[PDB]
Amino acid sequence: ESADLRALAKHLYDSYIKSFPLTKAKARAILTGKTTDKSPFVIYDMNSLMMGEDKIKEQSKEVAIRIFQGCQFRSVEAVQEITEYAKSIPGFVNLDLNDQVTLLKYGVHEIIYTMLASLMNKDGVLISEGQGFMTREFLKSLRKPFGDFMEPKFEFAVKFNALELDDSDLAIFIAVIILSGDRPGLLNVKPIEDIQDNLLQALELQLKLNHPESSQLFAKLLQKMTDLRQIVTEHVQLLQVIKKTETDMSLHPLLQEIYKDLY
Amino acid sequence: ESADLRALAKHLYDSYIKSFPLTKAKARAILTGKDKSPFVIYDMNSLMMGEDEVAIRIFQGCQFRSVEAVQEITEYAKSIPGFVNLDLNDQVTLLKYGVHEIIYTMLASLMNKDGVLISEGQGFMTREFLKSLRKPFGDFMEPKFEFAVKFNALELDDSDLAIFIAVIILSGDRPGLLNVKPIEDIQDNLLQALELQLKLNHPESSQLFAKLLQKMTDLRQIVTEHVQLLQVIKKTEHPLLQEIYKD
Ligand SMILES: CCCc1cc2c(=O)n(C)oc2c(CCC)c1O[C@H](C(=O)[O-])c1ccc(C(C)C)cc1
């Protein structure tokens, strides 16, 4: 049985590399020391954003918004990536189509914030496929309320990154996130938990093998799932505010569908 | 050691029985069948008879009992190996944020699809009578019921709940903690005992351990949801009484 799980772990890590251009291993390399060819351009203020805009997508107003539409572009691209990955999870495409949609609807942002921690450190976040690095302080100072988006993600990334996970661990765990039978509105819950049950078993074996001297990483990792949940709810509120105060900004149909009647 | 955990598990169960009068085994006997039938509160008349506006007096009985549960829980928490040896401000902080979660976890023992055992198991208030309360209060306990039904589906017994409760208390991410290390260290022994307990007592349920930890999220969401409901009652709400229940 160990063998079957080991194979599933291998399978998932494989689809993970194929589905995501910027892995956590690559992100760490850039963030730390391969500083010569992989060194990012840093954006810490109003002006550097323009100086560096060569690789990116009332000054305050415009700026706070160029970043907004920028996160939106990347978001939709991330969704598309996560959707591609989901199809590789054994069993996922054989489920009721309606449920596939429902697992993605509530699963995608939870996955997005998890993997986004891979791109963050105490001081900031990699942007533009690793080529850029926007500082935490700059983001926290954008025109109000656009400055309240990122802090709670940074707060999580810092904690979650303390678990020292690598992509092979991440691949299984984000699959476990997706295959959650507790998502509101699912039709056939039993087929979904039968799969998740197998995924957790893979994650438990994987975690014991990769982090032997890390007592209850499996349990600690599972509890982090309450942190992501809280981050999307707080997030949704943030967006509802913006759609009223900024009636000129458009949401992308893909993100709009995800959010519509979510919780 | 695989036997140090079985000791700890055993220890908590004994303490848990000592600390909470109405166990799950005992509430399950009363909710399904086993003679001295509890008094049913299914409508306005059965209520005032059971005693032997209304929307309000009912919500405040839950508060009264919550205040009781909080004392039963802290008394229990102090028997958890290592808890008492933690910085006093932290013990207060853990209990402060953990009681609501532990309160729902246990209320689900006194619950089923159609009602909740009230008053030490003497009563039983129908889900319907509660769902049908005034404009604010009719949606009060309904969220707890949906949780209960889902959580009860795991079929945990008191011996499991006792360790699971301990784990909740020793949550190392409570806001304002001063020394997290020891808290998480304790939770690890607790998580180790909970895993071994579930594998031995529930061999067929493959990842019950994991299913149970995922419920801690459903739980936090129900508490954040309850708190925001206490907001709405306040902004639409006896001095010493107010003090006993300040929260
Ligand atoms: C972690 C970034 C969160 C995020 C940050 C910002 C921000 O600073 N501005 C100015 O607008 C934002 C939006 C709204 C986009 C419509 C965000 O939420 C997006 C969403 O709600 O989808 C989003 C966009 C990109 C990403 C990538 C980093 C994966 C994640 C979330």
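Note on naming: letters A, B, ... go to the chains in the order of the sequence lines (proteins, then strands), and numbering restarts at 1 for each one. For ligands, and for the atoms within them, numbers begin at 1 and follow the listed sequence.
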If you scan protein heavy atoms around atom 14 (C) of ligand 1, the nearest is A:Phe68 CE1, 3.9 Å
Residue pairs passing the side-chain hydrogen bond (donor to acceptor under 3.5 Å, both in side chains) test with at least one member in residues 86-96 of chain B, sequence neighbours excluded, are none
Aromatic contact, B:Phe59 with B:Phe140 (centres under 6.0 Å): yes
Within a radius of less than 6.0 Å around NZ of A:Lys34, do more than 12 heavy atoms belonging to other residues, nucleotides or ligands occur?
no
Closest to atom 2 (C) of ligand 1 among protein heavy atoms sits A:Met150 SD, 3.2 Å
Donor-acceptor pair, A:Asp169 side chain versus A:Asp166 backbone, under 3.5 Å? yes
For atom 29 (C) of ligand 1, the closest protein heavy atom turns out to be A:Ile112 CG2, 3.5 Å
the protein heavy atom lying closest to atom 9 (N) of ligand 1 turns out to be A:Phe149 CD1, 3.5 Å
A student checking ligand 1 against A:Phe146 at a 4.0 Å heavy-atom cut-off should list atoms 10 (C)
In short, side-chain hydrogen bond (donor to acceptor under 3.5 Å, both in side chains) pairs touching residues 239-250 of chain A with sequence neighbours left out are A:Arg143-A:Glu246
Within 6.0 angstrom of A:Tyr44 OH, more than 12 heavy atoms from elsewhere:
no
Compare all side-chain heavy atoms of B:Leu156 with those of B:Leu208 and state whether any distance is below 4.5 angstrom. yes
With a 4.5 Å limit on heavy-atom distance, are the side chains of A:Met150 and A:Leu142 in contact? no
Ligand 1 to A:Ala64, heavy atom cutoff 4.0 Å, flagged ligand atoms 10 (C)
In ligand 1, the atoms that come under 4.0 Å of a heavy atom of A:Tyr259 are 20 (C), 21 (O), 22 (O)
Could an N or O of ligand 1 be found under 3.5 Å from any N or O of A:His109, whether backbone or side chain? yes
Any N or O of A:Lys153 closer than 3.5 Å to N or O of ligand 1: no
Any donor-acceptor pair under 3.5 Å from A:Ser141 side chain to A:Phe138 backbone: yes
For atom 22 (O) of ligand 1, the closest protein heavy atom turns out to be A:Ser75 OG, 2.7 Å
for atom 1 (C) of ligand 1, nearest protein heavy atom and its distance come out as A:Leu116 CD2, 3.1 Å
protein heavy-atom neighbour closest to atom 17 (C) of ligand 1 works out as A:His235 CE1, 3.6 Å
for atom 24 (C) of ligand 1, nearest protein heavy atom and its distance come out as A:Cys71 O, 2.8 Å
